[PDB]
2 protein chains.
Amino acid sequence: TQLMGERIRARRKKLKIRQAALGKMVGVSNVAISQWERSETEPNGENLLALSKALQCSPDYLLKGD
Amino acid sequence: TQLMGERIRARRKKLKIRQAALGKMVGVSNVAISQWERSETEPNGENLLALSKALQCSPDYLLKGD
DNA sequence: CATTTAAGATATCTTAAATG
DNA sequence: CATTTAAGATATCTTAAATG
Ligand SMILES: [Tl+]
Ligand SMILES: [Tl+]
Ligand SMILES: [Tl+]
Ligand SMILES: [Tl+]
């Protein structure tokens, strides 16, 4: 089963931006992005919603996929 | 001005259910519900989404008011 | 260079006791 | 009774160092 982190990374790669660039858009460090993408952690409520807008997708898609 | 916890409590009061009943719907303790309502903590990503569904509103409404 | 690892501060949860 | 407070375990961040 596909993890949220893999969905985050795939979406970021489609947008052709670095982790630091996505972090700037969300309001977190590049390391936070790395942690989410590798499923070390999951974004908190505020960060998940900011991340979903930066990635142009729904929070539900990130959390649970299709 | 208005805090997310105030919006959570107002939405729960609209449903007329107890914190424990809401916690059961969301997947957390009554105590987590209390901590969110008192703005002591904020829900994580997964919990924010579950809460918004339980309360029949959007995650953005809870987070920022609309 | 871009990203991951590491250490550490603090937030987010838990169950039990206290409160009203 | 419902809710809050207390104590405590794990999760979520940060910056600095390590990696390739
Ligand atoms: Tl750590
Ligand atoms: Tl009492
Ligand atoms: Tl490293
Ligand atoms: Tl190197």
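Sequence lines set the chain letters: A, B, ... in the order given, protein chains first and strands last, and positions in each chain run from 1. Only this structure's heavy atoms are used, side chains among them; waters, hydrogens and symmetry mates stay out.
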Side-chain N,O ([X]) to OP1/OP2 ([N]) below 4.0 Å:
X: B/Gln35; N: D/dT5; result: no
X: A/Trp36; N: D/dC13; result: yes
X: A/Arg12; N: C/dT3; result: yes
X: B/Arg9; N: D/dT4; result: yes

Next on the checklist: Check for me, please, whether A/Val28 and A/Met25 land in the same ILVMFWY cluster - side-chain distances under 4.5 Å, paths through other members count.
Outcome noted: yes

Take atom [atom1] of [X] and atom [atom2] of [N], then tell me their distance rounded to the nearest Å.
X: A/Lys24; N: C/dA2; atom1: NZ; atom2: P; result: 16 Å
X: B/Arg38; N: C/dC13; atom1: CZ; atom2: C1'; result: 13 Å
X: A/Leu48; N: D/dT12; atom1: CG; atom2: P; result: 11 Å
X: B/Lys13; N: D/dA2; atom1: NZ; atom2: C1'; result: 9 Å
X: A/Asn44; N: D/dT14; atom1: CG; atom2: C1'; result: 13 Å
X: A/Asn47; N: C/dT10; atom1: CG; atom2: P; result: 17 Å
X: A/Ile33; N: C/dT4; atom1: CD1; atom2: P; result: 11 Å
X: B/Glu40; N: C/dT10; atom1: CD; atom2: P; result: 16 Å

Checklist entry - C/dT12, D/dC13, C/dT5: which one has an atom nearest the side-chain heavy atoms of B/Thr41? => result C/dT12

Checklist entry - Are there more than 12 heavy atoms of other residues, nucleotides or ligands under 6.0 Å from atom CD of B/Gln35? => result yes

What contact category does [X] fall into here, base, sugar-phosphate, or nothing, at under 4.0 angstrom with non-hydrogen atoms?
X: A/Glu42; answer: sugar-phosphate
X: A/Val28; answer: sugar-phosphate
X: B/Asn30; answer: base

Item to check | Who pairs with D/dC13 - Watson-Crick or G-U, where each distance is under 3.5 Å | outcome: C/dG8

Checklist entry - Which one is paired to C/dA18, where only Watson-Crick or G-U wobble pairs with both distances under 3.5 angstrom count? => result D/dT3

Next on the checklist: Less than 4.0 angstrom from a charged side-chain N to a carboxylate O is my criterion; do A/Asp66 and A/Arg7 meet it?
Outcome noted: no

Item to check | Candidate pair A/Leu51 and A/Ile8, rule side chain to side chain contact (heavy atoms under 4.5 Å, CB included), full reasoning | outcome: CA-CA 9 Å; A/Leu51 176 63; A/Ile8 294 169; 3.6 Å; yes

Item to check | Closest non-hydrogen atom pair between A/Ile17 and A/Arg12, with its separation | outcome: O-NH1, 3.1 Å

Next on the checklist: Going strictly by the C1'-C2'-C3'-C4' torsion (positive north, negative south), how would you label D/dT14?
Outcome noted: north

Next on the checklist: Heavy-atom nearest nucleotide on DNA chain D for B/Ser34 versus B/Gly45: which residue maps closer to 5'?
Outcome noted: B/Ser34

